[PDB]
Structure formats: structure tokens, C-alpha cells
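The chain contents come next:
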Amino acid sequence: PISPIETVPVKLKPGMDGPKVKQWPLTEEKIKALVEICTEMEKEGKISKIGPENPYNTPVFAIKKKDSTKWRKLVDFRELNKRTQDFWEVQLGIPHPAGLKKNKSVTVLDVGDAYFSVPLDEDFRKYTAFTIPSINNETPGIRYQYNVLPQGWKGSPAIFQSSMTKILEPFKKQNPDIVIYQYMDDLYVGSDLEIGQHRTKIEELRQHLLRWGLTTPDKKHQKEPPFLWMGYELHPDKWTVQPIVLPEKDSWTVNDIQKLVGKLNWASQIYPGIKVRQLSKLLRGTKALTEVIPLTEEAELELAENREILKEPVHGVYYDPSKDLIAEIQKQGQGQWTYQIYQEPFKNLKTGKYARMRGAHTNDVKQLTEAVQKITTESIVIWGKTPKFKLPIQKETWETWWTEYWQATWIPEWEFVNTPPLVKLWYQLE
Amino acid sequence: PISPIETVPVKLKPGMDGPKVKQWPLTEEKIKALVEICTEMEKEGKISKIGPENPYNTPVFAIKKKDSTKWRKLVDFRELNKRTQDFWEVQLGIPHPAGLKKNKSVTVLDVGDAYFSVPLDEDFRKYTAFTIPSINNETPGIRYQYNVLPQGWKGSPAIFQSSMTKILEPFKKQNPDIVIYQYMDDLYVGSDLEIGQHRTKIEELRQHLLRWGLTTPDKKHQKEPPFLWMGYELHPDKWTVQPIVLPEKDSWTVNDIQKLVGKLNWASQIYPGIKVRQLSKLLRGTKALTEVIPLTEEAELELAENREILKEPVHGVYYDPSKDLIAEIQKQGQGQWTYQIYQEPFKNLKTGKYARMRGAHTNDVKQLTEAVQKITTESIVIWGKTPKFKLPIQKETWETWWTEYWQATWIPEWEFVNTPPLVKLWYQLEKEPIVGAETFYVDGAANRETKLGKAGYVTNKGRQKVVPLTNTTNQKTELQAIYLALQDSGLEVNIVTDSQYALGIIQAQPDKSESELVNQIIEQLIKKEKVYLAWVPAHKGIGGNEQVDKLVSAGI
Ligand SMILES: CC(=O)c1ccc(C)cc1N[C@H](C(N)=O)c1c(Cl)cccc1Cl
């Protein structure tokens, strides 16, 4: 049904035309699924095929977000955003609650299906153009364009911002000590009450939502070993750490001392004022390796002294909203990985480790993907911004498989590290 | 014959106007050669004479081809295409024959004046204005204007294509399963019906199109069975590139060499084995197509090694989804690998090659994997599917690779295969330092400006050594120093370094690198029993480095 509701005229940053991104080749199964989805949406008036006059485009993908059964239609609006939303980052930006992080428990739930009913500016749909790729370039692409509000887009929830707040009041009222942030198709809700009491308050909001509109928060269902029920429950209470960790035992041989000092010299680049000379002096003798050499006096003063500087470190812990967040992950153990987020080199905002039960699915890629996603949400909460990921993998490899384990509505900007970092330690950071 | 099809809306680039080019007249027989066409084109409705209003001009040309009996004209919209908006990439991608389904009968129709039948936006017509003054330039009032798609205009391809796709829409409905592919001025229709039963539907289609203003000149079939599309030669059950002849000179240039490589690579699709490692390695020089590049001994043994295959014709099969897909990869050496994809044994579907160029020293495994990639990507692009991989590699060797390497990857279904060039890891550096092995603290450098360096070492057991070097880099030194440390060492050794650079290359566990030295080092690394390696700061670093570098510096 065509809704007579009025739209909001959308004008991006002049001197910057619409997106003309390249549609990655997809699996047959993937294209057909997308065809299904689209054909359905086409009926739902949501989208409409276009002609050649529309030269713009946008990537599309097939995900299995729900619980790996039905296909979700992911859309890479990473460009359109830059093109519009970055000027609608102020022109309609949603402020971030700097306490959300200080919270004790947070839950994320989809609310993308919300904008589907809302109409889109007439003089702008063109830019929403996306294409379903034909196998082996058989026929040209199947071209459509959103007549309503796009899910993947950032300018969508911005507009829905109004209608959202309004619907939120009733809950925000009866429940004041509950924070709510709206980043794209998702709503993050934070509470300080225990899980049980908290989980119930959720179904509440879930139900409340379904009450005030066809806004249907995708249902509950178990999955992993310790049986869950619903919602991605995050706990920013423990969102902190110092993954440094020095050898509490292995500090006897030359090598143990050798390799040690090297890391410490890299640490210089981060934590300032780290004395190792008194220590490095104990090896200057070109002595034989593996020789079990005990620690001296004046050298022992450089060990404990700088071992406490790593426990409590603060200096320039400033986050610049002007600058962008950069997160680079590095493969470590057979299951563990390490991420470091900063905006300026060595000025580490948040360092964290990741690891997926090495056994259920010891997939190299799967992990990375998962990690990327987790690292992302972590920032959203903490800064309400998506980092540019420096990914340690092959450009092509990724553009082939990320969409295989991608369980998010959003797609962060990424780069690929083709360089081996000697920064790989037992427990590495950046 | 115009088309009643809905013309798509066309406009100019933001705040831009149509071309205005009062072309210089030509009182030649050419001036009349035009009216012959225009006053028979306007008759056919293609164009129309417009009032002396605002319509701005565009260059006209009444030229005719060499001895062309039909004196046909041609107008070039070079400036117009500048003003007109951007359309959708008509033929962005290209369909590769290797991913087609074998059809019993096929026929190709000529859609020449196809563009001349499709109408043009009623509001864009005015931009196509053109004029033609006669003799004494006393009658310039011979201005026309296009109504259909102008030949050589910007939108003509995208639109037409678009229009056409919409024109076939209803036809492939009343009788689906009939494969119809359009390309520029071509229409490749293919169906699995007997010649007669097949030729039936064809005439249907023709009349169908005929009812849409578009006409098919050729009565039924005219295009001979062996088709030539983008070089590709097409046949009902096979495909190849019939014409693939590369001449032999004695002193060619870059201009000729690039083309040679071009043709060779083109042939890589089917002709299995075709290599270009050395054949291209020489183009590395400052591009100057008119500069003659002296053939090398290897370049000789390669071209000849290539011609060997190219001299004899080989074909490729088609796709049959019902059967599974498979591809096998094999190493050729010097960073050159070759792959073949097929469904039925020796029923080659397609082949190709991958090469790690411009870069140097890389693991054999990294490549095999990189290879898998190029293919995977290609498989999907063509069949939209991932093939079962048949590759020469032990699971164990591979496992330890991804477990040890830093960059993350993923190689789907793959099975082992046997072939002399068995890919493997010949060595592995000791994780933990060796207890009963000599230690070789090493150092090296060079007076960057003088180009003369010094490499050497010192051991736990005061076994020093130093060797001067000239005409080398600071890096070549750091490496040389290790080769030494290896040479004069025993079976199991521990080596310490000050170069992060030197450290890497080795850990990469590469092999067969064009770098002579690296090879001399690799071979050492293979012979050895155990080998540990560590790294420490270059300058302010001690552990011995505080005396090993003070020993290798003398001159500046
Ligand atoms: C995408 C496609 O079907 C296509 C693309 C380029 C060319 C030259 C012919 C094409 N199809 C034709 C056809 N009418 O089906 C074709 C096939 Cl399917 C197999 C072998 C020869 C031929 Cl001519």
C-alpha cells in the first residue's frame, strides 16, 4: 500500500555525486535468495526496478542473521553514508550517552524492519540503487531502488529518530533509569539490574514495541553450549583490561632476557620512561645462549619499577571525535586474537583479547569475522562510532567469505594488512 | 520502423547545456550524398526537420568506407556525450564461454538498425540538432534532429539494451527455457530443439520483434555455425580461439612484446601450460613501445616452449550443473602456476595461470593458497559456485602453515594429488633456542654513500670472522652476514641478529628466489639440522651487538 505520509528532502554534500560501487560476485544460491527477497519487497512497494538512466549502485548480500535459516538482505551503504550521512551526522545526528559504557548490562535488538513503512524523498531514491548480479555476467544486473527507508542506511534511523523517541517515551517514562541508544537498525538498552530482572524488562520493551507498531523484535531461540534464549547481552561492566602480562617465571636464560628486552623497547613507543639499559647490560657480554644467568642488582631495579607502570597507565587518554577510530586485530593463539583500538598511533583507547572455543568450529576466517563484529559493537557502545579495521588477511579472501558468518546489520570500513608485525608476542597489543 | 516502446528520460550533467558547433560547410557531392539518406531517414521517421528555433548544431560527416558501394553517412557526437548524464554500465562484465550450457541448435540475428528503431526522449531530441548548407551556402535551412537512438551516442547502448531486455520479456514467457543473449548488434538465441522445431520458434521471435518496430535483415540464419565473439570461437558443444597466431621476428620492440604477452595470456584460457614468466619479466624497463628489447636465453626457451602448445588446436567443454565441479592446480616453477577446471575427466572446462610478480621471496604455500583464491573468485564469477580442489599438498604441511603463519585464510574442499613438483616445507626454524648449539651473534652494515659494506660475526666461543664487501646494500650485507653464520656453523645453530628486515625474509621460509644470495642461504637452511633465530635492537642494543657492530665499521 502506497502511504500518503510526507517525506523529508535529502540533500547531500554538493560536489560529491552518488555512489557507484562495484557489486561483488555472489554464489548462485545467494543470488536466488536475494531474488526471492527482492521480488517480495517489490510487491511490498518498498523497492522498484529502474532503467539505465540511474547510473548509481550499491552492494547487496545474503546473510543468515536470524539463526541460520532464512536469508537476510544486507546492503553495503558504507559509501552512501559517507556521501550523505556524514553531512547528516550533524544535520540530524543522534547524540551518544557517555554512560552507556559505565552501565552494568546491555542488550542489542534489531529495529530495522521499522523504517519499511516510512516513505523516502522522491528526488533521492536514485542514489539508493543496488544490483542483483547475474551469474557469469549472463544478463545485466537486476536494478531496483528503495521507495521507502533503507535498512542499511544511516540516514534512515535519523529520520525515524522522531517517530522512535515518541514511541519510546511511555517506556522511558515508567522506566527512567534505563538508557537507550539508536545506532542504525539496532537499539542498545542498558540496565544495572540483575539479568533475570533485566531480561524481563526487555520482553517488556519488546512487547511494548510490538504494541506500538508492526515493529517486530525478532523472537528468541537457543544456540551455543550453555543454553541462551534471546537478545545479544553485552556486559560493559567488565569492558576493561591490561593484556600485557610479563613472564612470571621464565626469566633465567640469555634468550629469555634477550627476546624480553626487545618487547620492552617497543613498549617505549607506548608507555614512556621504561629503563632496560641496566638490564640489557647483563647481556652485552656476547655470552653463549641458553646460559642460565641470574638477575643482578642495579638491573633488578629496572624490572619491578617498570612492571608497575604497566598496571596503572594514563597519559593522553583523550578520544578525538574529530578523528576516526582505528582498530587493528592480530592473529595469535589457535583460538585467541588481539585487537587494539586507537585514533592516533600507540595512543590506545581500548585493548582487548578475543578467543572462540577452539573446537566447535576452528575456522580461521569465521573467528576473525566474529572478532571484527564484536570489536565493533564494543566501540558503538563506548563511542557510537564504527572503526576502520586493519584486517590481517587477503583482500580477495575476505570479500569472498565475510558474508558467510556475518551476523550484523552494519558493515564497518576495512583495510587489509599485508605486512607481518613483529608485534606478535605471547600477549600482543599496539 | 520506429518502436512504440516507452523511451527512457535523459538529461544533461548538472547545469550543462547541449553542444553548439556550426561546422564548416562542404559544397561537395558529399552535401548531396547526405540528403539522399536524410530525406529517406526522415521518411522512415528516424529523424525530423526542426524549426529554426534554438536547437544547437553538432558536426556531420558524409564520408564513406573504402569502395563502399553504399555511401553511408556518420555523425560524431563527441561533445554531446560530454554533456549527457552517465548511464548504467552497458557491458561492465563479460560472459565467459566456459560457463555456458550446451545447446543443440543456435542461431544469431543481426540487429543493425536496432538503435535506429528505438525512440528517443521527446525532450532530449533538440540536442541532436544538425545542419547541412548546400552550394553557395545560401540554404543552411537543412536542419534535422534524431528521434531514435543515434549511432555512436552515449546512451544508445545502455538504453537499447534496456529497451531490448523489456522487449524479450513477454516472449520468454509464452515459451521460456529458450536461451537469448544480446550483445551490441548481436542476438544469440539457443534452444534444445530439433533444427526444424527450433527454426520454428525463431521465425516466431522474428515476427514478434517485427511487431515492435525492430527488424531482422537476415532471413532466418545467416551467421555461420563457427562464431567469432570477442575472439572466442563458439560451437554447439565446444569453444576456443581459432585465430591465435603470433609472428616471429628477430629484433622486436615493447610495442610488439606487449601484444605478444597479450595474445599469450589470452590463450591461457584453454591452452594448458602456456607460461609468460620470463616473457614478461623484461617489460619491467621504462615503458617505450618503440624501444627494442633484446631477447634473453630464457625468453627464447619460453616462447618456443609455448609455441609447442599453440601450434596444435585444443578445445573446451561446456557446463552441466547436474555434475559436480572440480579444478586441479600444478606448479610450474619460478612463481608460475597453472590450473585447469573441468567436470568430466580430461573434458577441459577452462584453464588459466597465476603469478606472484613485482614482489620477491615468498613461501611456496602462500602461493598455492593465493592460487586457490584467484580460482575461487573466478569460479563464482563464472558459475557462481566453488569447485572441489585437487591440489598437491599434504594436509599436515598445510595445517602447520596456517597454524604458524600470521595472515588468516580459508581453503575450502581440497584433496591431495601426486606430481613431481610436490609442494612442501623443507625447513622449520627452532621455536625455542637450541641448548647444545653454538651461538652466532651476527652483524652487518654498509657506508650507504660509498656502497662498500662489511659482514661478519662473533661466537660464544670467541670465533670471530669478517669479510669486506663492495657494490652492495646495507640489506644485502645483513643477509650475507647470516649466510656466513650458516656456512661456518655446524649442523644445529642459534643465530642472533640486529636486522628486523633480515629476520622476516627467513621466517617467510621462501624458496627459489631470483636473488642469488637468498638461494645460497636457503640451501644452507635445508642442510642444517636445527636452527634457532632471535632478534634484538640494532643500535642501543646489547647482548653482544654492542661490540659486534663496532667491529664491522671502518671508513666513514
Ligand atoms: C550469455 C550467453 O548466453 C551468450 C553470450 C555470448 C555469446 C556470443 C553467445 C551466448 N549464448 C548463446 C545462446 N543462444 O544460447 C550460445 C550458448 Cl548458451 C552456447 C554456445 C554458443 C552460443 Cl552462440
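## Considerations on the site of the ligand
Here is step 1 of the chain: Around the ligand sit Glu138(A), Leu100(B), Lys101(B), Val106(B), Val179(B), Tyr181(B), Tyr188(B), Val189(B), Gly190(B), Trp229(B), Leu234(B) and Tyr318(B), and those are all the residues in its vicinity.
Here is step 2 of the chain: Each of chains A and B places residues near the ligand.
Here is step 3 of the chain: For the ligand, a nitrogen atom lies 3.1 Å from a polar atom in the backbone of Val189(B).
Here is step 4 of the chain: Look at the ligand: alone it shows 520 Å² of surface, and the protein chains cover 96% of it.

## Re the domain arrangement of chain A
Residues and elements named next belong to chain A.
Here is step 1 of the chain: Annotation of chain A at the domain level lists domain 1 (1-94 + 116-156), domain 2 (99-115 + 157-238), domain 3 (239-319) and domain 4 (320-426).
Here is step 2 of the chain: Domain 2 puts 12 residues into the contact, and the matching count from domain 4 is 13 residues.
Here is step 3 of the chain: Taken together, the two surfaces of domain 2 and domain 4 that pack against each other cover about 1000 Å², and 62% of this comes from carbon and sulfur.
Here is step 4 of the chain: On inspection of domain 2 and its partner domain 4, the count reaches 1 salt bridge.
Here is step 5 of the chain: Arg356 is the salt-bridge partner of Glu224, the closest N and O atoms lying 3.7 Å from each other.

## Considering the nonpolar core
Here is step 1 of the chain: In this structure, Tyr146(A), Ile329(A) and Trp406(A) are the most contacted members of the largest nonpolar core, which totals 82 residues.
Here is step 2 of the chain: With 9 residues, helix α7 (residues 364-383) of chain A is the largest single contributor of residues to this core.
Here is step 3 of the chain: With sequence-adjacent residues up to four places away left out, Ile329(A) is seen in contact with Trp337(A), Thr338(A), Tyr339(A), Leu368(A), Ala371(A), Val372(A), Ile375(A), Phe389(A), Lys390(A) and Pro392(A).
Here is step 4 of the chain: If you look at the next biggest cluster of nonpolar residues, it comprises 46 residues, including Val60(B), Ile132(B), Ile159(B) and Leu209(B).

## A few points about the sheet that holds strand β8 (residues 336-342) of chain B
Two strands in a sheet stick together by hydrogen bonds in their backbones, pointing the same way (parallel) or opposite ways (antiparallel).
Residues and elements named next belong to chain B.
Here is step 1 of the chain: The 5 strands lie next to each other as β9-β8-β7-β10-β11, forming an open sheet whose pairing is mixed. Only two strands of the sheet have a single neighbouring strand rather than two, namely β9 (348-355) and β11 (414-415).
Here is step 2 of the chain: Relative to β11, strand β10 (residues 388-390) is paired through 2 bridges, and the arrangement is parallel. Within the sheet, the bridge partner assigned to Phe389 lies in β11 and is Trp414.

Cut-off values and rules
Residues numbered from 1 in each chain as written, not as in the entry; some residues may be left out. Chains lettered and ligands numbered in written order. Heavy atoms only, no water. Residues with missing side-chain atoms left out of burial classes, pairs and counts. Near = heavy atom within 4 Å. Polar contact = N/O pair within 3.5 Å; in protein donor to acceptor, adjacent residues only side chain to side chain. Areas by Shrake-Rupley, 256 points an atom, 1.4 Å probe, with all protein chains shown as cover. Domains from an automatic or database assignment. Contact = heavy atoms within 4.5 Å. Buried area = accessible area lost by both parts, 1.4 Å probe. Salt bridge = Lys/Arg side-chain N within 4 Å of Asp/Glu carboxyl O. Core = buried A, V, L, I, M, F, W, Y, C linked by side-chain atoms within 4.5 Å. Buried < 20%, exposed > 50% of the residue type's maximum accessible area, 1.4 Å probe, protein only. Helix = DSSP H or I, 4+ residues; strand = E, 2+ residues; numbered from the N terminus. Pairing = 2+ DSSP bridges.

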